[PDB]
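Undergrad: compute the structure for the input listed below.
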Amino acid sequence: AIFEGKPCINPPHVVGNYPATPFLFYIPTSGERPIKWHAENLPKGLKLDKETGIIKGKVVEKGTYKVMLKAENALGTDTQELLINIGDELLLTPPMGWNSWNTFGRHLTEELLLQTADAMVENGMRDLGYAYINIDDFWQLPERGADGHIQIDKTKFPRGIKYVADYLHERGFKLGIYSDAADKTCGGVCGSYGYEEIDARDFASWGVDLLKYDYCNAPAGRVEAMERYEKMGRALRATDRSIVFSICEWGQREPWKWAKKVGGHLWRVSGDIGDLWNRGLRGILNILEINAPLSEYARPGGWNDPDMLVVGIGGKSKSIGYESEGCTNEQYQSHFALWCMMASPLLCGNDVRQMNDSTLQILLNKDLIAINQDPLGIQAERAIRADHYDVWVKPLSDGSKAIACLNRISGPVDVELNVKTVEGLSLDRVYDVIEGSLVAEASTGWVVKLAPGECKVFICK
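TA: Residues are numbered from 1 along each chain as shown. What follows is the structure:
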C-alpha cells in the first residue's frame with residue numbers, strides 16, 4: 001500500500017544538523033514507483049538527486065531554511081515543505097530506525113546490516129522515516145589495540161565499519177554504533193573510558209552518525225556519571241560530524257535533568273526493556289510508569305528514551321528471549337502507539353528482513369508515526385492514570401490533540417471521553433488512527449470500549 005497511489009511526502013518535515021558537517025536526508029515518500037523528486041530553495045551546499053530522493057552536502061552557515069519538495073509519479077504529485085535547521089540541535093523529531101540488540105545480541109555481521117538496510121528500502125520503513133541503523137554491543141574486540149585504538153571485530157565486519165556506513169549513506173540511512181563509559185562494555189568487550197577523543201575521532205572517520213554510550217562497569221556516583229558523559233559529549237562535538245549522543249545509564253541518575261547539559265540528544269529513562277507486558281527485565285507498562293512524569297524534559301532536540309521497540313519479536317530472540325514471554329498483537333500495538341505518543345525514539349528491535357502482516361500493520365502505521373514526528377515534539381502527558389486505564393494527551397502542531405486511551409488490565413474496560421476529560425479537548429471532529437477513519441460518535445463524548453491490552457488513539461479537534 002506504501003508503494004501505490006499518488007506520491008505522499010512523509011514526515012519528518014523538519015530536520016536539524018550542525019553547521020559545516022556532512023548533511024544527508026532521504027525524503028520519505030509513499031506512492032507508486034518510479035518517483036522523481038524536485039527541490040526549490042535548497043540552501044547553499046546541498047544538492048538533491050532527483051532519481052533517488054536523497055539530499056546531500058554540507059551547509060556552512062547557521063540558519064533555518066525552508067525548502068519546497070515535490071514528488072511526482074504516473075498518478076500525480078505531492079508538494080511539501082522541508083524545514084532545515086542548521087544549528088546547535090540534532091533530532092528535531094524523535095529518531096526512528098533499528099537496533100541490532102533485541103533480536104541478534106552478539107550475532108552481528110556486515111551481512112546483517114546491509115540486508116537490514118535493503119529490507120528497509122524495499123519494505124516501506126524508509127519511506128515512513130525510519131533512518132537510523134544502529135550497531136549495538138559486540139562489534140569490537142575485547143581488548144584495545146596496542147596502538148591505542150579500539151579494534152573492529154573483522155570476523156563480523158571484514159571490510160570495517162566505514163564500509164557499512166558508506167553503504168547505508170548511499171541509501172539515506174544513518175549509522176549508529178555503541179561503546180561504554182568504562183574499560184569494558186556491558187558485554188565484556190572494549191569500551192572508551194579515558195580514550196574518548198581517540199574513539200570519537202575514529203567514529204567520525206568511519207562516518208558514524210550516532211553513538212549509544214552505556215554505563216556498565218562504571219562507578220554509580222552521579223557526578224562521576226555526569227563527568228564521564230560530558231567527556232564523550234565534548235569529544236563527539238570536537239569531530240567534523242554531527243553525531244547523535246544517546247546516553248544509556250538506565251535512568252538511575254535522573255539523566256533527564258542533566259543529559260542535555262553534557263551534549264546528549266536522548267537518554268534512557270529505565271532499565272532494559274523486555275519482550276513482556278508487565279514485570280530483558282522491564283515490561284512495557286513499567287516503562288510507561290517511569291516515563292509518564294518526565295514529559296516536561298522532552299522537546300525538539302532532546303528526548304526521553306523508553307528503550308528499543310519489541311514489536312514483532314514474539315519471544316524469539318538471541319539477546320532477550322530468556323527473560324521474556326512474548327506479547328499479544330494488541331499489546332504490541334499499544335506499545336508502538338504509546339512510544340509514538342511519548343515522542344519516543346522508534347528504534348525497532350525485531351528482524352525487519354522478514355515480518356508478518358500483523359507486525360507490518362503496526363510499524364508502518366503512518367498516522368501514529370506522524371504523531372511521533374509532530375514538529376512540536378511534545379511528549380504526551382498522562383492526563384489521567386485511573387486504576388485500570390490511562391488517558392494520554394499530545395498537543396499537535398495544527399492545534400488538534402492526540403488522545404490515547406489505554407487498557408492496562410487483562411479484562412475489558414470502559415473509558416468515558418468528553419470535553420472535560422482533559423484540558424482544551426474538542427470532540428467535534430475525531431479521527432481513529434488505528435482504524436484510519438472518522439469516528440461518528442457524539443460531539444458531546446462517548447464511552448470508549450477497550451479490549452484487554454488495547455489502546456485506541458484518536459486525533460481530536
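Undergrad: I'd assumed residue 388 was in contact with residue 408.
TA: Yes - between residue 408 and residue 388 there is a contact at 6.1 Å, judged by Cβ atoms under 8 Å. (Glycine included, C-beta is placed from N, CA and C.)
Undergrad: those two: who's more crowded?
TA: Using other Cβ atoms under 10 Å as the criterion, residue 408 and residue 388 rank with residue 408 on top: 22 against 15.
Undergrad: identify the residues contacting the more buried one.
TA: 285, 388, 389, 390 (Cβ atoms under 8 Å, 6 or more residues apart in numbering).
Undergrad: rebuild the residues you listed as JSON lines, extending it with secondary structure.
TA: Formatted as JSON lines, these follow (DSSP: H, G, I helix; E, B strand; the rest coil):
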{"residue": "285", "secondary structure": "helix"}
{"residue": "388", "secondary structure": "coil"}
{"residue": "389", "secondary structure": "strand"}
{"residue": "390", "secondary structure": "strand"}
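Undergrad: give the contact list for residue 343.
TA: Residue 343 touches 94, 298, 303, 304, 372, 374, 377, 378, 379, 380, 394, counting by Cβ under 8 Å, 6+ apart.
Undergrad: now it: phi and psi?
TA: Main-chain dihedrals, residue 343, degrees, to the nearest 10: phi 50, psi 40.
Undergrad: what's the burial count for the residue nearest to it when sequence neighbours are not counted?
TA: Of all residues not flanking residue 343 in the chain, residue 379 sits nearest, at 4.5 Å (Cβ to Cβ, 6 or more residues apart in numbering). With neighbours defined by other Cβ under 10 Å, the count for residue 379 comes to 23.
Undergrad: where's residue 78, which helix or strand?
TA: Per DSSP states H and E: residue 78 is located in strand 76-86.
Undergrad: over to residue 304?
TA: Taking DSSP H and E as the definition, residue 304 sits inside strand 303-305.
Undergrad: thinking residue 392 is in contact with residue 415, fair?
TA: No - using Cβ under 8 Å as the test, residue 392 is too far from residue 415 to be in contact (11.4 Å).
Undergrad: who has more neighbours, the two?
TA: Using other Cβ under 10 Å, the more surrounded residue of residue 392 and residue 415 is residue 392, with 26 against 21.
Undergrad: OK, contacts around the more buried one?
TA: 338, 341, 342, 380, 381, 382, 383, 403, 404, 405, 406.
Undergrad: let's see 10 Å
TA: With contacts defined as Cβ atoms under 10 Å, 6 or more residues apart in numbering, the neighbours of residue 392 are 288, 292, 295, 337-338, 341-342, 379-385, 402-406, 422, 455, 457.
Undergrad: what's the overlap in contacts for residue 408 and residue 388?
TA: residue 450.
Undergrad: what do residue 392 and residue 415 both touch?
TA: Common neighbours of residue 392 and residue 415 (Cβ under 10 Å, 6+ apart) are 384, 403, 405, 406.
Undergrad: mind listing the helices for the stretch 351-461 of the chain?
TA: 357-363, 366-372 (DSSP state H, counting those that start in this stretch).
Undergrad: got a list of what the residue nearest to residue 343 touches?
TA: By Cβ under 10 Å, 6+ apart, the residues touching residue 379 are 94, 291-292, 294-299, 303-304, 306, 341-344, 392, 394.
Undergrad: and the gap between it and residue 200?
TA: Going from residue 379 to residue 200 by Cβ to Cβ, to the nearest Å gives 29 Å.
Undergrad: now do residue 218
TA: Distance from residue 218 to residue 200, by Cβ to Cβ: 18 Å.
Undergrad: just give the nearest non-adjacent residue to residue 314, would you?
TA: Going by Cβ to Cβ, 6+ apart, residue 314 has residue 326 as its nearest residue, at 4.9 Å.
Undergrad: tell me the contacts of the one you found?
TA: Neighbouring residues of residue 326 by Cβ under 10 Å, 6+ apart: 275, 276, 277, 310, 313, 314, 315, 316, 317, 332.
Undergrad: mind running it again at 7 Å?
TA: 275, 314, 315 (Cβ atoms under 7 Å, 6 or more residues apart in numbering).
Undergrad: got it, and residue 61?
TA: 19, 86.
Undergrad: that one belongs to a strand?
TA: No - going by three-state DSSP, the assignment for residue 61 is coil, not a strand.
Undergrad: over to the nearest residue to residue 104 once chain neighbours are set aside. Which of the three states is it?
TA: Leaving aside its chain neighbours, residue 104 sits nearest to residue 318 (5.7 Å; criterion: Cβ to Cβ, 6+ apart). Of the three states, residue 318 takes coil under three-state DSSP.
Undergrad: so who does residue 318 touch?
TA: Taking Cβ under 7 Å, 6+ apart, we find residue 318 in contact with 103, 104, 105, 107.
Undergrad: any chance you could list what contacts stretch 180-187?
TA: Contacts to stretch 180-187, defined as Cβ under 7 Å, 6+ apart, come from residues 106, 137-138, 179, 191-193, 213-218, 228-229, 232.
Undergrad: out of those residues, list just those in helices.
TA: Judged by DSSP state H, helices contain the following of the contacts of stretch 180-187: 228, 229, 232.
Undergrad: same list (those) but as JSON lines, adding neighbour count and distance to residue 70.
TA: As requested, these are exported to JSON lines (neighbours: other Cβ atoms under 10 Å; distance: Cβ to Cβ, whole Å):
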{"residue": "228", "neighbour count": "24", "distance to residue 70": "47"}
{"residue": "229", "neighbour count": "28", "distance to residue 70": "42"}
{"residue": "232", "neighbour count": "26", "distance to residue 70": "41"}
